[PDB]
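Working notes, beginning with the structure itself.
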Amino acid sequence: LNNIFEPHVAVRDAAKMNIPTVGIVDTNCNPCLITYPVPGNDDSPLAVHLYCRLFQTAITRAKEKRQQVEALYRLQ
RNA sequence: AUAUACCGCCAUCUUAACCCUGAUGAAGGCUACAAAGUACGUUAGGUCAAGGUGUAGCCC
Ligand SMILES: [Mg+2]
Ligand SMILES: [Mg+2]
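Residue 199 is where the first sequence starts when you use the entry's author numbering, and the numbers rise one by one after that.
Below, the structure written as structure tokens:
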């Protein structure tokens, strides 16, 4: 949601451009166009910090996994 | 004599594209503590005094 409590225009724009979307959807949000909605609290700093930590860890681990798989493939 | 011959000079008057919204209607698109917007003619004009080119008049 944007600062007038309406959906972020980027949701509809990404749907138009066929870009998958992951999203934290609170009880007052619209999850219809988010490809992978995640119901949860988006206001408390603890929840937002947890979301950031989880996503950062997942992305970093995925990139490291790709690099080590490529290294193993090159070695073998 | 003629600018009521022309110039020279003064003066008069006329006169692109793109992207979104509306159910893809005419149509619309902004908020910064940001909410779709970005890329010349005219005149029986004057002036031959600090300028010129012609044209006609008269020649017991
Ligand atoms: Mg909320
Ligand atoms: Mg005159």
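We put the CB at the ideal spot given by N, CA and C, even for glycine.
Query	Result
If you draw a straight line from the alpha carbon of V207 to that of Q274, how long is it in whole angstroms?	47 angstroms
My output table needs one value for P237: the three-state DSSP class, helix, strand or coil.	strand
Does the contact criterion of 3 or more C-beta pairs under 8 angstroms hold for the region 265-272 versus the region 237-256?	no
At which residues does the beta strand (DSSP E) containing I222 begin and terminate?	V220 to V223
Are the CB atoms of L231 and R210 nearer to each other than 8 angstroms?	yes
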